[PDB]
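A.B. asks: quick one, structure for this:
(2 chains)
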Protein chains: 2
Amino acid sequence: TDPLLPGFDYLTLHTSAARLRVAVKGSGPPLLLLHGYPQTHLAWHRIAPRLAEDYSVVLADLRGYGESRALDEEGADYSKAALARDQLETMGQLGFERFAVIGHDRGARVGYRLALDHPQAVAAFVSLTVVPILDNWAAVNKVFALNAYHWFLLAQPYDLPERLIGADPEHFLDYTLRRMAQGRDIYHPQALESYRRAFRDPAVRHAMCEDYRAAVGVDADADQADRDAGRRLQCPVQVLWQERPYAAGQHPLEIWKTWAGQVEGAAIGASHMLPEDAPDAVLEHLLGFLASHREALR
Amino acid sequence: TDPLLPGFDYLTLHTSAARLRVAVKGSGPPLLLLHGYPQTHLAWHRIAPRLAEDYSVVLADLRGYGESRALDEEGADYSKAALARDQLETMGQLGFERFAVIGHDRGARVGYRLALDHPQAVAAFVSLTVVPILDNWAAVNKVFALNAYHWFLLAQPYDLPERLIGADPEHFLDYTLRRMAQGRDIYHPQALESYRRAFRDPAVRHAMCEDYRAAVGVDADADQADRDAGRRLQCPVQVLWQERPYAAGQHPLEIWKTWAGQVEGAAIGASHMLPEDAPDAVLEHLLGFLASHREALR
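C.D. replies: Residues are numbered from 1 along each chain as shown, chains lettered A, B, ... in the order given. Structure as follows:
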């Protein structure tokens, strides 16, 4: 019965390599919120309004997801580094050279790559559920690959996964969202229609496969280069993770401490879909982190 | 320009739990040849005629593949152990209580499980490309899961993979066969039409998913129980493998020596599809192995 994103102004930004859908609200220090797969900026609908009471809030559809599209309709770059440049250009266009980044799922992957590549631009970074892909790949075993089968399917060469997931897009979308939510009734029916309409667009499905392809390839190469160079995130980092068992060496707080000198975080008793499943818990942690690092935002 | 399976007699066997398509030819000691995924008994067309000059040759479609079907059209068992019982019943019906087994791909998985469960029935065992699933699962890493993505896709719960692979069955079949052959022109056009017609049958596709599901679950459990018990194959074993690099502990000859006291084998410079890609090399090795162990066949 609350409206979706009350008072958010919907924009379409024309950047060097993309046409990006953005929604903005608020004043004060800037926050960029980046959704994940197979979603859009509406995934933040339970979080963004509260944040916009105290901050400048920018919500974006990732390149190729939702209503955002690459201008190169044949061979665009959907690597995290390219999407990180999109974020620089987006925030710059809106008046911000330095900003906090809050990401979930693929959006957190864009976010950390942004922070690594462009440390002057990232005041603080929050990851919901994500650790760097280098660490994920090192952890692959039987159970991982069964649970996260789509990491392998969607990364197969063009156009195998596009043919398979494109056959009955809405069925695959619905199946995937239910599975990611552990069957919990977390999707606002109207947000859902938005996710569905995006997924019915073959270009969106292709951009999602390209994301997964990049994760295998160039994104992992970029992480390795940073590890080799000893390059770490320079800002405060918060990681919010799903309450579940983590193998030795796999705990998200432990992993982030190998990538950044200033790390904190908390477990949340919800599914992978933290923005929609546990918005009040997420907000409590986010608000406290941002307040505690108000000097970093300056 | 040679006919397919000249002089083979096509039978349909009515077993306790299945209706099985069988093709037989020859006299002398019995050999049971078991094809793999996504194929049928026709995969042996370049090998079986030569063997039938000197042996009793039995070719079968695995339960649910090709023209073989489970009688339980709702909830059949497609575990390797169940398909191994099918082989006992098949060979018994034809007059054989003890026989050699030559398997490729999923058929070799049926074969080794038969040998373990029913050592009195298996005179000798030949595996083309396969090691026990327990060993495969222990080797899962990033590259394995990308290369063998279908092991993970096809094992997802009912009916996810059936929906995806069933959308355009012939396209997926053709793609998969090309990939497995490394693009080599190895499929006789008429054998191909047979593989295609089977794959167009939703029941066949479902039985294939069930095979992959069993591989994750009960088949692996069965291997572990044998390992725990110290149970090994009791017959001579030959393994013919694809010439490629194998990680330490992963070489097929080394692995089979942990499962059997009498093991030999050879590399063949071909794709995974050894029966069709390298029939002359396979025959040279098979004939020599069977001749060398003629006493075991008695």
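
A.B. asks: alpha carbons only for contacts and neighbour counts from here, please
C.D. replies: Noted.

A.B. asks: report all helices and strands that the helix or strand residue A:265 falls within contacts.
C.D. replies: Using DSSP states H and E, residue A:265 falls within strand A:263-268. If you count contacts as 3 or more Cα pairs under 8 Å, 6 or more residues apart in numbering or on different chains; DSSP states H and E, strand A:263-268 packs onto strand A:237-242, helix A:252-257, helix A:279-292.

A.B. asks: give me the buried positions along the longest one.
C.D. replies: When burial is assessed from 16 or more other Cα atoms under 10 Å in any protein chain shown, helix A:279-292 yields the following buried residues: A:279, A:281-283, A:285-286, A:289-290.

A.B. asks: residues in contact with residue A:52?
C.D. replies: A:25-27 (Cα atoms under 8 Å, 6 or more residues apart in numbering or on different chains).

A.B. asks: for residue A:125, same thing?
C.D. replies: A:100-103, A:111-112, A:115, A:235-238.

A.B. asks: please list the members of the contacts of residue A:52 that lie in strands.
C.D. replies: Under the assignment DSSP state E, the contacts of residue A:52 contribute residue A:25 to strands.

A.B. asks: need the contacts of residue A:52 in JSON lines (columns: neighbour count and distance to residue A:181).
C.D. replies: Supplementary listing: the contacts of residue A:52 in JSON lines, determined by neighbours: other Cα atoms under 10 Å in any protein chain shown; distance: Cα to Cα, whole Å:
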{"residue": "A:25", "neighbour count": "20", "distance to residue A:181": "28"}
{"residue": "A:26", "neighbour count": "21", "distance to residue A:181": "30"}
{"residue": "A:27", "neighbour count": "12", "distance to residue A:181": "32"}
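
A.B. asks: okay, the helix or strand residue A:193 falls within in CSV with CA atoms only?
C.D. replies: Per DSSP H and E, residue A:193 falls inside helix A:189-199. Extracted C-alpha coordinates of helix A:189-199, given in CSV (Å, rounded to 0.1, in the frame of the first residue of the first chain):
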residue,chain,number,x,y,z
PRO,A,189,3.9,-7.5,-7.6
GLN,A,190,4.6,-4.3,-9.5
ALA,A,191,8.4,-4.6,-9.1
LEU,A,192,8.0,-8.1,-10.4
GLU,A,193,6.3,-6.9,-13.6
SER,A,194,9.2,-4.6,-14.2
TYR,A,195,11.7,-7.4,-13.8
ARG,A,196,9.6,-9.6,-16.1
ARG,A,197,9.4,-7.0,-18.8
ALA,A,198,13.1,-6.5,-18.8
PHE,A,199,13.7,-10.2,-19.0
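
A.B. asks: sort out which residues of that helix are buried, please.
C.D. replies: For helix A:189-199, by 16+ other Cα under 10 Å, it's A:191-192, A:194-196, A:198-199.

A.B. asks: stretch A:112-125 now?
C.D. replies: For stretch A:112-125, the neighbour count (16+ other Cα under 10 Å) marks A:112-119, A:121-125 as buried.

A.B. asks: and those residues as CSV, adding secondary structure?
C.D. replies: Shown next, in CSV, are those (DSSP: H, G, I helix; E, B strand; the rest coil):
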residue, secondary structure
A:112, helix
A:113, helix
A:114, helix
A:115, helix
A:116, helix
A:117, helix
A:118, coil
A:119, helix
A:121, helix
A:122, strand
A:123, strand
A:124, strand
A:125, strand
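
A.B. asks: any idea which of the buried residues of helix A:279-292 is closest to chain B?
C.D. replies: Taking Cα to the nearest Cα as the measure, chain B lies nearest residue A:279 of the buried residues of helix A:279-292, at 29.8 Å.

A.B. asks: give me the distance between that closest one and residue A:293.
C.D. replies: Residue A:279 sits 21 Å away from residue A:293, going by Cα to Cα, to the nearest Å.

A.B. asks: ok, now residue A:245?
C.D. replies: For residue A:245, the distance to residue A:293 equals 29 Å [Cα to Cα].

A.B. asks: likewise for residue A:56?
C.D. replies: Using Cα to Cα, residue A:56 is found at 16 Å from residue A:293.

A.B. asks: try residue A:228
C.D. replies: From residue A:228 to residue A:293 the distance is 29 Å (Cα to Cα).

A.B. asks: more neighbours: which of these two?
C.D. replies: Under the criterion of other Cα atoms under 10 Å in any protein chain shown, the comparison of residue A:228 against residue A:293 puts residue A:293 first, with 14 against 9.

A.B. asks: residues contacting the residue lying closest to that one once chain neighbours are set aside?
C.D. replies: Leaving aside its sequence neighbours, residue A:293 sits nearest to residue A:236 (Cα to Cα, 6 or more residues apart in numbering or on different chains; 7.6 Å). The contact partners of residue A:236, taken as Cα under 8 Å, 6+ apart, are A:123-125, A:260-263, A:293, A:296.

A.B. asks: JSON lines for the residues you listed, including distance to residue A:161?
C.D. replies: Formatted as JSON lines, these follow (distance: Cα to Cα, whole Å):
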{"residue": "A:123", "distance to residue A:161": "37"}
{"residue": "A:124", "distance to residue A:161": "35"}
{"residue": "A:125", "distance to residue A:161": "32"}
{"residue": "A:260", "distance to residue A:161": "35"}
{"residue": "A:261", "distance to residue A:161": "39"}
{"residue": "A:262", "distance to residue A:161": "39"}
{"residue": "A:263", "distance to residue A:161": "37"}
{"residue": "A:293", "distance to residue A:161": "42"}
{"residue": "A:296", "distance to residue A:161": "42"}
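
A.B. asks: tell me which element the residue nearest the centre of chain A falls in.
C.D. replies: Central residue of chain A (Cα atoms, centre = their mean): residue A:107, 1.4 Å from the mean position. Following DSSP H and E, the helix or strand that holds residue A:107 is helix A:106-117.

A.B. asks: I appreciate the help and will end here.
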